[PDB]
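Okay, so we've got a single protein chain in two different forms coming up as structure tokens, structure 1 first and structure 2 after it.
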Structure 1
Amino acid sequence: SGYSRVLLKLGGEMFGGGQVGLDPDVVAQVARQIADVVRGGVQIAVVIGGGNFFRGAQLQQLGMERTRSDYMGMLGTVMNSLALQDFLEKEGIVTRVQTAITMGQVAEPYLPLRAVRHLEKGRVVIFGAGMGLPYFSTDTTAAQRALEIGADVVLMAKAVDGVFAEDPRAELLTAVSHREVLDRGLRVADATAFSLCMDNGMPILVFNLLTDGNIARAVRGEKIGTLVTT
């Protein structure tokens, strides 16, 4: 008894897989995994970060205002999205990109009602350029997009396949509540992103995506990673 639609959050750093820019192998793994989800019947939107595109940084510890570096990140996210679109399309998966800041020529504008329409036709929707606002993390973009599209859950792709009870200098939980996560003293996401989720009862699912087969199992409701709930 799993999920009908989900929002998947990838960090920008993932796409470069250390180092800077795009490792087209990594992005291939991800497209392939996202396809398994589509074919499994489930509807998926993706929110990607933009970290892979500066050293770094470097830019900030080095002069740049947060405001400007956030806009650079947003532009990064949109490069990430177009690359992913392309790998998904060669995978047979029809994909659309909507950008928070409207970039007429490059992609579609952010219109959640049209996005839902896309999902309902078995298209992946990718959400680029965050929320178009400095001071919000990708996590927070993820939470809010999951809400707008009415996602059943926000799938958080980490490198750790769950959430450890206490730092291991230890077993990772399978399922904890929102209050438990906050109430001494864990860290699933950025606090702001977590607040949005908590105040709206959005389930978060922390898991490793690059472990082949994870996401298709996750979306079947198959107890992988750590499910935050209430």
Structure 2
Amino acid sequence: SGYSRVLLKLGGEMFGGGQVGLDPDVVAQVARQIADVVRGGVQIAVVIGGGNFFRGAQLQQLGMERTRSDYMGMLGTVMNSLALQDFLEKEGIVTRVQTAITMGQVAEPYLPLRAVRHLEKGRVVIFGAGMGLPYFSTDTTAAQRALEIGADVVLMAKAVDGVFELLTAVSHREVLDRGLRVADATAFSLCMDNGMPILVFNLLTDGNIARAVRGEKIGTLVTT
């Protein structure tokens, strides 16, 4: 009734918590959350964002080149990746980082077949640096990664209960017809065209992933 494997997307504020940089109090809670869901037998893969450092869109409006900016952003996601990797291991969770941009000793490259084979071994795969291409967003990276590793659903982890009065379950068509926010613009088209459910839920409420991954009606569940 619930989800077997899932792809968790964590914006940059899930590691900064509204400020800039790393905020170990938030990162530690996130790992606690993911730590329990992994012990429950679920297969969790994580797409880290870079909002707490740079967003190439905000840097080109600043005058900077979009491409330099976009790459600065991705490297930021590789730092958050390592940070999440570190706390997860202090929780007793085996993690594996794979970066879109081939880095050397830092992390392993994007081997999508192996990434799925880590999940079947009960490991946490952390996809860093997004897709490694300027002019794309983390959200779109969560979709492509969720589609390719065969996750049962994408978990848009926000710091807010859901989609707004709140909603308990909508369609992909209704999100566009209603102009509803949350879930990226490009990412949502890629999910809808492929029948990838999106579950927007509050991650900072202690114990939501355990429940959301459990299948309980929480947050907003975009389907079909």
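Just so we're on the same page, residue numbers count up from 1 along structure 1's sequence. Heads up, when I say rigid core I mean the largest set of C-alphas that superpose within 1.5 Å between the two forms.
Trainee: When the rigid core of both forms is overlaid, which of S177, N200, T192, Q60 is the one whose C-alpha moves 2 angstroms or more between structure 1 and structure 2?
Mentor: After core superposition, the one over threshold is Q60.
Trainee: Given the rigid core as reference frame, how large is the C-alpha shift of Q19 between structure 1 and structure 2? Answer in angstrom.
Mentor: Value for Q19 between structure 1 and structure 2: 2.0 Å of C-alpha shift.
Trainee: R117: how far does its C-alpha move between structure 1 and structure 2, core aligned, in angstrom?
Mentor: C-alpha displacement of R117 between structure 1 and structure 2: 0.2 Å.
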